[PDB]
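A.B. asks: Here it is, the structure in full.
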Ligand SMILES: *P(=O)(O)OCC(C)(C)[C@@H](O)C(=O)NCCC(=O)NCCS
């Protein structure tokens with residue numbers, strides 16, 4: 001889907017590296033995504049895809065790998 | 001009465017400014033209506049620092065609260081408005097106990113600390 005590619009492109013911009021070949025990296029534990037980035041992630045998803053994710057639906061533990069984030073986004077779409 | 005949680009946060013103002021300069025709706029996401037009204041009256045340099053400090057304070061609070069920002073506590077569940085003397089108080093928050101907040105900044109950084117107590 002264009003959605004998965006867009007999610008992975010947003011993540012690449014935020015973390016500074018291509019995570020498409022690294023879909024299970026724990027972004028927060030490795031220090032490539034932090035709090036602030038996770039908010040920017042929500043803003044980008046809404047701006048670029050029209051998918052608003054309310055913070056009540058966001059739990060770091062369930063949004064902490066690229067694969068999980070794509071799954072979360074794919075569904076809402 | 002005992003400590004329930006603590007949280008501190010150190011935030012780079014230029015990261016906030018970059019998000020704001022990109023035109024993203026960070027203020028609407030992070031700030032309550034009352035906080036947003038205050039933000040709207042400020043010039044840019046002050047808007048960056050205010051925005052950074054609120055982001056910072058609410059991150060710090062969520063760590064004291066135990067969970068980080070998310071389903072247990074979101075940005076819209078915490079409100080922080082300065083007194084008429086300029087003193088910040090946690091006017092709204094989910095925890096049933098005293099909440100302590102302090103904020104300080106330079107031109108480039110903001111630092112916040114929260115302690116929660118349970119009676
Ligand atoms: P968020 O806590 O994921 O953002 C991290 C941060 C760069 C914005 C920073 O200001 C912060 O709060 N870092 C806390 C993480 C840390 O210091 N870990 C070392 C102990 S594992």
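A.B. asks: Examine segment B:59-68 for a residue that is touching a helix residue (DSSP H, G or I) at 6+ places or on another chain (Cβ under 7 Å) and under 27 Å from residue A:44 (Cα atoms), and state whether such a residue exists.
C.D. replies: Looking for residues that are touching a helix residue (DSSP H, G or I) at 6+ places or on another chain (Cβ under 7 Å) and under 27 Å from residue A:44 (Cα atoms), one finds at least one in segment B:59-68, hence yes.
A.B. asks: Could you please give the count of residues in segment B:1-25 that are within 27 Å of residue B:95 (Cα to Cα) and more than 14 Å from the ligand (Cβ to nearest atom)?
C.D. replies: Total meeting the criteria: 5.
A.B. asks: Can you tell me which of (1) without any contact (Cβ under 8 Å) to a residue 60 or more places away in the chain; (2) farther than 27 Å from residue B:23 by Cβ; (3) away from chain A (no Cβ under 14 Å) is the one residue B:95 doesn't meet?
C.D. replies: Tallying (1) without any contact (Cβ under 8 Å) to a residue 60 or more places away in the chain; (2) farther than 27 Å from residue B:23 by Cβ; (3) away from chain A (no Cβ under 14 Å), residue B:95 fails exactly one: (1).
A.B. asks: Do you know which residues across segment B:95-119 are part of a loop (DSSP other than H, G, I, E, B) and within 17 Å of residue B:56 (Cα to Cα)?
C.D. replies: B:106, B:107, B:108
A.B. asks: Out of A:45, A:41, which single residue is more than 16 Å from the ligand (Cβ to nearest atom), crowded, with 17+ Cβ neighbours inside 10 Å and either within 14 Å of another protein chain (Cβ to nearest Cβ) or under 21 Å from residue B:26 (Cα atoms) (or both)?
C.D. replies: A:45
A.B. asks: Among the residues of segment A:50-77, write down those that are surrounded by 17 or more Cβ atoms within 10 Å (Cβ to Cβ) and more than 13 Å from chain B (Cβ to nearest Cβ).
C.D. replies: Scanning segment A:50-77 gives A:51, A:65, A:66, A:69, A:70, A:73.
In this analysis, Cβ positions are derived from the backbone assuming ideal geometry, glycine residues included, and neighbour counts consider all displayed protein chains. The numbers here are math on the coordinates, done by the rules we state, and not lab data.
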